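**Student:** I have a structure here, written as structure tokens, and I will follow up with some questions on it.
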Amino acid sequence: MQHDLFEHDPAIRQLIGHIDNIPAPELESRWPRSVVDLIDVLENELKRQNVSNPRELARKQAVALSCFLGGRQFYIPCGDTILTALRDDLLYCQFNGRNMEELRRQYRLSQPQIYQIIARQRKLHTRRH
Amino acid sequence: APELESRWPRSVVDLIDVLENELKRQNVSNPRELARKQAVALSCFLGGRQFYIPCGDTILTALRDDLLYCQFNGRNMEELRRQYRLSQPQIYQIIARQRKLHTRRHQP
Amino acid sequence: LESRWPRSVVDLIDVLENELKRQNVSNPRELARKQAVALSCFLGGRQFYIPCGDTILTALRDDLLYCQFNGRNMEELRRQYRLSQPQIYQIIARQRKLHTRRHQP
Amino acid sequence: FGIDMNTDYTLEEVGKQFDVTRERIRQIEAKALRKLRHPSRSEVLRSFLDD
Amino acid sequence: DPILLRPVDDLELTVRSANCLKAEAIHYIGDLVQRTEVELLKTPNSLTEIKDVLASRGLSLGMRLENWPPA
Amino acid sequence: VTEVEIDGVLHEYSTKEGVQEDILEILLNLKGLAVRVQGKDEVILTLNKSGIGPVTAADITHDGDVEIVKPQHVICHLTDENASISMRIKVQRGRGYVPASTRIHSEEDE
Amino acid sequence: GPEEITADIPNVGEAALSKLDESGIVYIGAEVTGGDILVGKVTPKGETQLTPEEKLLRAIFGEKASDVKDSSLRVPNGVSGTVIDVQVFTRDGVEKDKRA
Numbered sequence: 001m002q003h004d005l006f007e008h009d010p011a012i013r014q015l016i017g018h019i020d021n022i023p024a025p026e027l028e029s030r031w032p033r034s035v036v037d038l039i040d041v042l043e044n045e046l047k048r049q050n051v052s053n054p055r056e057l058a059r060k061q062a063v064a065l066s067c068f069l070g071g072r073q074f075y076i077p078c079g080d081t082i083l084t085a086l087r088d089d090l091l092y093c094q095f096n097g098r099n100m101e102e103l104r105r106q107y108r109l110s111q112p113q114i115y116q117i118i119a120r121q122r123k124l125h126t127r128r129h
Numbered sequence: 024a025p026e027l028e029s030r031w032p033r034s035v036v037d038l039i040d041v042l043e044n045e046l047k048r049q050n051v052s053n054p055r056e057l058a059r060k061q062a063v064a065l066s067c068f069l070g071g072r073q074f075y076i077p078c079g080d081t082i083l084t085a086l087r088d089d090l091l092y093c094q095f096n097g098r099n100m101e102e103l104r105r106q107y108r109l110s111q112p113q114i115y116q117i118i119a120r121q122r123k124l125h126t127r128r129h130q131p
Numbered sequence: 027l028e029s030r031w032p033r034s035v036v037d038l039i040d041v042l043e044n045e046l047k048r049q050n051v052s053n054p055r056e057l058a059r060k061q062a063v064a065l066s067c068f069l070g071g072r073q074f075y076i077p078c079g080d081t082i083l084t085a086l087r088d089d090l091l092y093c094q095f096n097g098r099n100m101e102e103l104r105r106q107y108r109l110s111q112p113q114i115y116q117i118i119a120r121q122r123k124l125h126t127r128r129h130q131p
Numbered sequence: 563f564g565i566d567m568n569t570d571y572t573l574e575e576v577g578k579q580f581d582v583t584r585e586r587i588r589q590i591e592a593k594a595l596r597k598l599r600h601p602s603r604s605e606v607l608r609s610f611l612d613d
Numbered sequence: 250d251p252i253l254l255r256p257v258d259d260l261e262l263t264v265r266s267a268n269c270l271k272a273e274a275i276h277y278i279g280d281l282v283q284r285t286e287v288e289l290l291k292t293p294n299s300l301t302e303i304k305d306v307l308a309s310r311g312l313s314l315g316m317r318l319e320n321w322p323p324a
Numbered sequence: 056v057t058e059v060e061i062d063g064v065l066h067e068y069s070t071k072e073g074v075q076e077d078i079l080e081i082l083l084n085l086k087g088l089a090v091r092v093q094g095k096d097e098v099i100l101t102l103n104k105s106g107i108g109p110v111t112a113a114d115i116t117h118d119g120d121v122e123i124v125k126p127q128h129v130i131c132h133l134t135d136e137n138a139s140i141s142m143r144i145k146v147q148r149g150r151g152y153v154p155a156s157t158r159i160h161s162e163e164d165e
Numbered sequence: 846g847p848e849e850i851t852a853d854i855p856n857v858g859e860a861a862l863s864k865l866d867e868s869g870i871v872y873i874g875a876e877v878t879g880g881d882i883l884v885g886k887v888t889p890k891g892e893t894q895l896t897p898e899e900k901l902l903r904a905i906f907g908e909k910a911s912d913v914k915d916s917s918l919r920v921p922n923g924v925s926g927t928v929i930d931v932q933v934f935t936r937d938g939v940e941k942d943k944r945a
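Which chain is which? The protein sequence lines are J, I, H, F, P, A and C, in order.
Throughout the first sequence, residue numbering follows the authors' numbering, covering 1 to 129 in sequence.
Throughout the second sequence, residue numbering follows the authors' numbering, covering 24 to 131 in sequence.
Throughout the third sequence, residue numbering follows the authors' numbering, covering 27 to 131 in sequence.
Throughout the fourth sequence, residue numbering follows the authors' numbering, covering 563 to 613 in sequence.
Throughout the fifth sequence, residue numbering follows the authors' numbering, covering 250 to 294, 299 to 324 in sequence.
Throughout the sixth sequence, residue numbering follows the authors' numbering, covering 56 to 165 in sequence.
Throughout the seventh sequence, residue numbering follows the authors' numbering, covering 846 to 945 in sequence.
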């Protein structure tokens, strides 16, 4: 089942699937400069992962990024927090509600912290739907 | 609590999923890992700075616009105006613009 | 033929009528009919283009937001409306002066 | 950063020279830091992360 | 002939004629040069600006071409 | 013979209980295996043996497209009745002499 | 600070660490070529002077070098072989690693 964000609004989803018929250089000409800085940055990591169609794929992430946070005020932190957030997300997913002790060894975090992590991503895993 | 979230990294989390649903929709291998590294680049790229992200469908216009020119077949000017809820001036403008665009494609 | 079709006239009556019944107005059908005659006389033969893109709907959407704006509730009015803060900043400042003259002519 | 000078100048030290504005000079700094992070001038610099 | 393979986009024609021709979904030049003048006039809005450009480009309607389209 | 896999053996410088000779002697005995393959160019061979007595090439599980020239060519010796040896043998086809460095240099997989 | 033996080593690709266990010791029988890491050793790194250019690079990319210095044992160049035995001696009182 196509259960996710573009499921709610196929119109945006179909637009994402329509960029293949339009080549890049003319389409980026009409775009604001900022997303042009995004796409190549998103491209930069992509070829480091040796994934095909770096230009084609990178566009798909950029439009979806603009789709949600378009209209929304978005802040970004930097530094050690990111992999802390990355570690938190893996902990939440690994957390099957039965391997909390396994995570207690996998991530080794204080018990109140684990609840805070578990609670916090729960909010993040509720507003989407 | 909202002010506590003001500097909160919650936004970072919200994004991996934003990347997920298109990567999962596009069906690439391993959503989560691709999207997290994908986010880390943005973090280093955009750390600690004011950024205007094109808001409120502005990008989606360009894709809405491309499909409409494709379905413009010369006498259905009413048809695609209902189905996009657009108006005569909008239709005419987009038509002429994408016409010039393709003419630059067919012509050298 | 549609560009020369006398079909729109009748379409105006029910659009008027369904509003009149919503506003609990008596005899809404007959009231809407004579209104349609009133539109026909003035608008007859005139190239008359009206604003699209919810032009009155936004200006009213503008008003009640300014009613809910408490000087701190920027974010929730953002979520409820899907409008981004930048434009909300501008509209609220405009509505500020607009209701400023409303409260103080 | 003290490039080609005997010492680096802090935010206060550079404020007394051009402008006492703190956030302004800091955001010009951030402007430069992004402009360097674009993958149009960072390609060569990326090879020095291994050291 | 190097023109039968080129699409309709190489005419630089008027907007009225451009709108009229594509209402019938024409994509190549050859099918214009295939149909004669006695059926294309039924389309509303055209009769005064095709012959001149066709002569300028060295083409004329009414002639017969086999193996069309050649794909 | 180009590649040999034996259960319970990590490297060629170890020994197994019940086997009279060393793993190096096993590989040198394998080096002199006369095998003919008709259809394909790469064949996986399986050898299983348990008991006391010499192990010959006749104990390899014969395949329809593999011909063993010398079935009496001894390959290993077992001294304990409970001792068992399971071995997987990989045979390719080629020409010339190929040392053990070129194949590992050419193939990049782990 | 005391030196530690671990598989966690800075700025080294996981390909070079594929032959190490979770304890940082190469497995027995692992074929190893010149330049590989037989045992991962980490030594605490003293305070380092930062020149203007490298600190500019740190500001640009944001990575930070922790209190770590790579001093692991490497196979000498031009030597290729297989590890046939590893032996670990540890002092009395200090805890033994799972490999030990």
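Even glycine gets a Cβ: it sits at the ideal position worked out from N, Cα and C.
Can you name the residues that DSSP bridges to A:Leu-102?
**Tutor:** A:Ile-115 and A:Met-142
**Student:** Which residues in chain F have a C-beta closer than 7 Å to the C-beta of J:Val-41? List them in chain order.
**Tutor:** Below the 7 Å Cβ cutoff, chain F contributes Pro-601 as neighbours of J:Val-41, in chain order.
**Student:** So, at 6 Å on beta carbons, what are the nonlocal neighbours of P:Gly-315 in its own chain, with the 5 sequence-adjacent residues on each side left out?
**Tutor:** Excluding sequence neighbours, P:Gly-315 sits near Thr-285.
**Student:** Please report the residue range of the alpha helix (DSSP H) in which H:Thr-84 lies.
**Tutor:** 81 to 94
**Student:** Hey, I:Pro-77 and J:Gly-97: beta-carbon distance below 8 Å or not?
**Tutor:** No, Cβ-Cβ distance for I:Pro-77 and J:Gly-97 is not below 8 Å.
**Student:** J:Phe-6: buried (16+ other C-beta within 10 angstroms of its C-beta) or exposed?
**Tutor:** buried
**Student:** How long is the line joining the alpha carbons of C:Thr-851 and C:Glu-908, rounded to whole angstroms?
**Tutor:** 21 Å
**Student:** I:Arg-104 CB to nearest chain P CB: under 8 Å?
**Tutor:** no
**Student:** So, does the CB of C:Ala-904 fall closer than 8 Å to a CB anywhere in chain F?
**Tutor:** yes
**Student:** Identify the residues that DSSP records as bridge partners of C:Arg-919: which are they?
**Tutor:** Per the DSSP secondary-structure output, C:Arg-919 pairs in a beta bridge with C:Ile-882.
**Student:** Evaluate contact between the segment 80 to 100 of chain I and the segment 250 to 261 of chain P, counting only Cβ atoms and requiring at least three cross-stretch pairs below 8 Å.
**Tutor:** Not touching, per the Cβ criterion.
**Student:** By alpha-carbon positions, which one of C:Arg-903, C:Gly-891, C:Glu-848 and C:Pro-897 ends up nearest to C:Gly-885?
**Tutor:** C:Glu-848
**Student:** DSSP has P:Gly-311 in a bridge; who is on the other side?
**Tutor:** Paired residues: none, contrary to the question.
**Student:** Would you kindly work out how many angstroms separate the C-alpha atoms of A:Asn-103 and A:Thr-116, rounded to a whole number?
**Tutor:** 8 Å
**Student:** State the beta-bridge partners of C:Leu-865 as determined by DSSP.
**Tutor:** C:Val-871
**Student:** Using a threshold of 8 Å, state whether the C-beta atoms of F:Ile-587 and F:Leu-598 are closer than that.
**Tutor:** no
**Student:** Whose Cβ in chain I lies nearer than 7 Å to the Cβ of H:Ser-110?
**Tutor:** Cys-78 and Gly-79
**Student:** The alpha helix (DSSP H) with H:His-129 in it runs from where to where?
**Tutor:** 111 to 129
**Student:** What did DSSP end up calling A:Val-129 once you bin it into helix, strand or coil?
**Tutor:** strand
**Student:** Classify A:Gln-75: buried if its beta carbon has 16 or more other beta carbons within 10 angstroms, exposed otherwise.
**Tutor:** Answer is exposed; the Cβ neighbour count stays below 16.
**Student:** Should F:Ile-565 go down as buried or exposed, given a rule of 16 or more other Cβ atoms within 10 Å for buried?
**Tutor:** exposed
**Student:** Does the beta carbon of J:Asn-50 come closer than 8 Å to any beta carbon on chain F?
**Tutor:** Residue-level contact by beta carbon fails for J:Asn-50 and chain F, as no gap is shorter than 8 Å.
**Student:** Could you tell me how far apart the beta carbons of H:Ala-58 and H:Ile-39 are, in whole angstroms, since I believe they sit closer than 8 Å?
**Tutor:** 5 Å
**Student:** Looking at chain F, is there any beta carbon in it that lies within less than 8 Å of the beta carbon of C:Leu-895?
**Tutor:** no
**Student:** Please classify J:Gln-94: is it buried, with 16 or more other beta-carbons within 10 angstroms of its beta-carbon, or exposed?
**Tutor:** exposed
**Student:** So what does P:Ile-278 bridge to, in DSSP terms?
**Tutor:** For P:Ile-278, which the question treats as bridged, DSSP gives no partner whatsoever.
**Student:** Of all Cβ atoms in chain I, is any one closer than 8 Å to the Cβ of J:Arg-87?
**Tutor:** no
**Student:** For the segment 571 to 597 of chain F, enumerate the residues whose C-beta is nearer than 9 Å to any C-beta of chain I, in chain order.
**Tutor:** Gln-589, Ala-592, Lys-593, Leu-595 and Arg-596
**Student:** In terms of residues, what are the limits of the beta strand (DSSP E) holding A:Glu-58?
**Tutor:** Its beta strand (DSSP E) spans residues 58 to 61.
**Student:** Just mark J:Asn-44 as buried or exposed, buried being the case when its beta carbon has 16 or more other beta carbons within 10 Å.
**Tutor:** buried
**Student:** When you compare only the Cα positions, how much space is there between H:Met-100 and H:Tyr-107?
**Tutor:** 11 Å
**Student:** Three-state secondary structure (DSSP) at C:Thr-927?
**Tutor:** Note: C:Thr-927 maps to strand in three-state DSSP.
**Student:** Can you look up A:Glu-122 in the DSSP assignment and give me helix, strand or coil?
**Tutor:** In this structure, A:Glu-122 counts as strand in the three-state DSSP scheme.
**Student:** So, at 8 Å on beta carbons, what are the nonlocal neighbours of C:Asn-922 in its own chain, with the 5 sequence-adjacent residues on each side left out?
**Tutor:** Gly-879 and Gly-880
**Student:** Give the straight-line distance between the Cα atoms of A:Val-90 and A:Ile-123, rounded to the nearest whole angstrom.
**Tutor:** 5 Å
**Student:** How many whole angstroms separate the CB atoms of H:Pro-54 and H:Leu-46, which I take to be in contact at a CB cut-off of 8 Å?
**Tutor:** Rounded to the nearest angstrom, the Cβ distance from H:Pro-54 to H:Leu-46 is 3 Å, consistent with a contact under 8 Å.
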